[PDB]
Structure formats: C-alpha cells, structure tokens
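J.: The file below is upload_13.csv, CSV, C-alpha atoms:
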```
chain,number,residue,atom,x,y,z
U,1,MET,CA,-1.4,-0.5,11.2
U,2,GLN,CA,-4.8,-1.0,12.9
U,3,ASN,CA,-7.5,0.9,10.9
U,4,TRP,CA,-8.0,1.6,7.1
U,5,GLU,CA,-7.0,5.2,7.8
U,6,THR,CA,-3.5,4.3,9.2
U,7,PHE,CA,-3.2,1.5,6.6
U,8,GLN,CA,-4.0,4.2,4.0
U,9,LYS,CA,-1.2,6.6,4.9
U,10,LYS,CA,1.4,3.8,4.9
U,11,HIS,CA,0.2,1.7,1.9
U,12,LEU,CA,-1.4,4.4,-0.3
U,13,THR,CA,-0.1,7.7,-2.0
U,14,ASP,CA,-1.5,10.7,-3.9
U,15,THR,CA,1.5,11.2,-6.3
U,16,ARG,CA,2.5,8.3,-8.6
U,17,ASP,CA,6.1,9.5,-8.5
U,18,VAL,CA,6.4,9.4,-4.7
U,19,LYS,CA,9.9,10.0,-3.2
U,20,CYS,CA,11.2,6.9,-1.4
U,21,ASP,CA,14.2,8.6,0.2
U,22,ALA,CA,12.2,11.8,1.1
U,23,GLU,CA,9.1,9.8,2.4
U,24,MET,CA,10.9,6.9,4.1
U,25,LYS,CA,13.3,9.3,5.9
U,26,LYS,CA,10.1,10.7,7.6
U,27,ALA,CA,9.5,9.6,11.2
U,28,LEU,CA,6.4,7.8,9.8
U,29,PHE,CA,8.8,5.1,8.6
U,30,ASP,CA,12.2,6.2,9.9
U,31,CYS,CA,14.2,5.2,6.7
U,32,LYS,CA,12.5,1.8,6.6
U,33,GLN,CA,14.4,-0.7,4.4
U,34,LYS,CA,11.3,-1.3,2.1
U,35,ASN,CA,7.6,-0.4,1.9
U,36,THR,CA,4.8,-1.0,-0.7
U,37,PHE,CA,2.9,2.2,-1.6
U,38,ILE,CA,-0.2,2.1,-3.8
U,39,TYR,CA,-1.6,4.8,-6.2
U,40,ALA,CA,-5.4,5.1,-6.1
U,41,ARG,CA,-8.3,7.2,-4.6
U,42,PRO,CA,-10.1,6.6,-1.2
U,43,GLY,CA,-13.5,6.3,-3.0
U,44,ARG,CA,-12.1,3.9,-5.6
U,45,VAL,CA,-10.5,1.7,-2.9
U,46,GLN,CA,-13.4,2.0,-0.5
U,47,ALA,CA,-15.8,0.5,-3.1
U,48,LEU,CA,-13.4,-2.4,-3.3
U,49,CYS,CA,-13.7,-3.2,0.5
U,50,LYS,CA,-17.4,-2.1,0.9
U,51,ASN,CA,-18.7,-5.7,0.4
U,52,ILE,CA,-17.9,-7.4,3.7
U,53,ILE,CA,-18.2,-6.1,7.4
U,54,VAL,CA,-16.6,-9.1,9.2
U,55,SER,CA,-12.9,-10.0,8.9
U,56,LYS,CA,-12.2,-11.7,5.5
U,57,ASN,CA,-9.6,-11.7,2.6
U,58,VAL,CA,-10.4,-9.9,-0.7
U,59,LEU,CA,-8.4,-10.0,-3.9
U,60,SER,CA,-8.7,-7.1,-6.4
U,61,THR,CA,-10.2,-8.3,-9.7
U,62,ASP,CA,-8.5,-5.6,-11.8
U,63,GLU,CA,-4.8,-4.6,-11.6
U,64,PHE,CA,-4.0,-1.4,-9.6
U,65,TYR,CA,-0.9,0.9,-9.9
U,66,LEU,CA,1.7,0.0,-7.2
U,67,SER,CA,4.6,2.3,-6.3
U,68,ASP,CA,6.9,0.4,-3.9
U,69,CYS,CA,10.2,1.4,-2.3
U,70,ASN,CA,12.9,-1.3,-1.7
U,71,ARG,CA,16.2,-1.5,0.2
U,72,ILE,CA,18.7,-1.6,-2.7
U,73,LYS,CA,21.8,-0.3,-0.7
U,74,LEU,CA,21.6,1.0,3.0
U,75,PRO,CA,21.4,3.4,4.6
U,76,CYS,CA,18.5,5.5,3.1
U,77,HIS,CA,19.3,4.9,-0.6
U,78,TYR,CA,16.2,3.1,-1.9
U,79,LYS,CA,14.6,2.6,-5.4
U,80,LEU,CA,11.0,3.1,-6.6
U,81,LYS,CA,9.2,0.5,-8.8
U,82,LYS,CA,5.9,1.2,-10.6
U,83,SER,CA,3.8,-1.8,-11.8
U,84,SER,CA,0.1,-2.5,-12.2
U,85,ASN,CA,-0.9,-5.8,-10.5
U,86,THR,CA,-3.7,-7.2,-8.2
U,87,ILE,CA,-3.3,-7.2,-4.4
U,88,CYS,CA,-4.6,-9.4,-1.6
U,89,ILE,CA,-5.8,-7.3,1.4
U,90,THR,CA,-7.8,-8.1,4.6
U,91,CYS,CA,-11.3,-6.4,4.6
U,92,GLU,CA,-12.9,-5.4,7.9
U,93,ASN,CA,-15.7,-2.9,8.8
U,94,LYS,CA,-16.4,-2.2,5.1
U,95,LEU,CA,-12.7,-1.0,4.8
U,96,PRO,CA,-9.3,-2.6,4.2
U,97,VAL,CA,-6.6,-2.4,6.9
U,98,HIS,CA,-3.8,-5.0,6.3
U,99,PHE,CA,-1.6,-5.8,3.2
U,100,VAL,CA,-1.5,-9.6,2.8
U,101,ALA,CA,0.3,-10.1,-0.5
U,102,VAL,CA,-0.1,-9.7,-4.4
U,103,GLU,CA,-1.6,-12.2,-7.0
U,104,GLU,CA,-0.6,-14.9,-4.5
U,105,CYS,CA,-2.3,-14.6,-1.0
U,106,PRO,CA,-0.3,-16.7,1.6
```
So that I can check it, write out the structure of this file as structure tokens.
T.:
Amino acid sequence: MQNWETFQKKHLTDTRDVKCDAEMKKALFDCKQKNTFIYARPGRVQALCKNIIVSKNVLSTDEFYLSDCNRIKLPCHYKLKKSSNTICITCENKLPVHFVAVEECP
C-alpha cells in the first residue's frame, strides 16, 4: 500500500497453499475479485531490494513462487494458481513497496 510492510501482508504469504476464499473474505481485502500473493521469506526478499535507496524499478533475476487468487465466478468463489516466474517491483528505502508487473514491466 505505502511501505514494504503493508505491501508484504497484501503481496506475500507464509503458506504456499494459502486459502483465497478464507483470506480474501477477511476485511484486509473484503472478498477482493483478485489478488497476487507471493511465497518467500522477508530476508530472501529484503536482499533483493537492498541495492537501491531512491525510487527505482527492479526485476527479479530468478523465478519466485507466486500464489495468486483470481475472480473466476462472484461473489467470493475464487481460484488459486501456483507458478514460479520473475516479478517487476518498485524498490524504495532498501525495500520493495509496489507490485508493477511480471516478466513484462509496463
């Protein structure tokens, strides 16, 4: 949302088999149509954004696990997809805070 911490809770997860319906229904999202959750550690991701302090765009060199929820059929009936691919994020203050895109950064 604004800092790497808030961006962590909404775009990162601890369990690879997260529950889209049980997590999205939470007030944090409020049954959001779709969301892109990642599967990694805070120290493994911090080292990826511990190269720049100013605002810049960084693209992961290696592929990371990606658990995303997508609106397949309203209301809160969503699906979970797991795929390892690179991601484009905005680095700031030695930490990432925004999700730009995947292999292609618009």
J.: Quick one: residues within 10 Å of residue 70 in chain U, only C-alpha atoms counted, chain neighbours fewer than 2 positions away excluded, as a ChimeraX atom specification?
T.: /U:20,32-36,68,72-73,77-81
J.: Quick one: write out the picked residues with C-alpha atoms as a PDB file, in the frame of the given file?
T.:
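Just written: out-v5.pdb:
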```pdb
ATOM      1  CA  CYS U  20      11.200   6.900  -1.400  1.00  0.00           C
ATOM      2  CA  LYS U  32      12.500   1.800   6.600  1.00  0.00           C
ATOM      3  CA  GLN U  33      14.400  -0.700   4.400  1.00  0.00           C
ATOM      4  CA  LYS U  34      11.300  -1.300   2.100  1.00  0.00           C
ATOM      5  CA  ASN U  35       7.600  -0.400   1.900  1.00  0.00           C
ATOM      6  CA  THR U  36       4.800  -1.000  -0.700  1.00  0.00           C
ATOM      7  CA  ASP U  68       6.900   0.400  -3.900  1.00  0.00           C
ATOM      8  CA  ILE U  72      18.700  -1.600  -2.700  1.00  0.00           C
ATOM      9  CA  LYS U  73      21.800  -0.300  -0.700  1.00  0.00           C
ATOM     10  CA  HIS U  77      19.300   4.900  -0.600  1.00  0.00           C
ATOM     11  CA  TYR U  78      16.200   3.100  -1.900  1.00  0.00           C
ATOM     12  CA  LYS U  79      14.600   2.600  -5.400  1.00  0.00           C
ATOM     13  CA  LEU U  80      11.000   3.100  -6.600  1.00  0.00           C
ATOM     14  CA  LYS U  81       9.200   0.500  -8.800  1.00  0.00           C
TER      15      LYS U  81
END
```
J.: Take the point (-7.7, -12.7, 1.9) as written in the file and pick out every residue within 12 Å of it, counting all atoms listed in the file; give the list as an MDAnalysis selection string.
T.: chainID U and resid 49 52 55:60 87:92 96:106
J.: Go through U:1, U:28, U:74, U:45 and flag the residue nearest residue 95 in chain U, using all atoms listed in the file for the distances.
T.: U:45
J.: Can you work out which one of U:47, U:38, U:31, U:22 has the shortest atom-to-atom distance to residue 65 in chain U, counting all atoms listed in the file?
T.: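 Of U:47, U:38, U:31, U:22, the one nearest residue 65 in chain U, counting all atoms listed in the file, is U:38.
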J.: Between CA of residue 13 in chain U and CA of residue 62 in chain U, what is the distance in Å, rounded to a tenth?
T.: 18.5 Å
J.: Looking at U:37, U:76, U:48, U:64, which one is nearest to residue 17 in chain U, with distances taken over all atoms listed in the file?
T.: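 Distance minimum relative to residue 17 in chain U lands on U:37.
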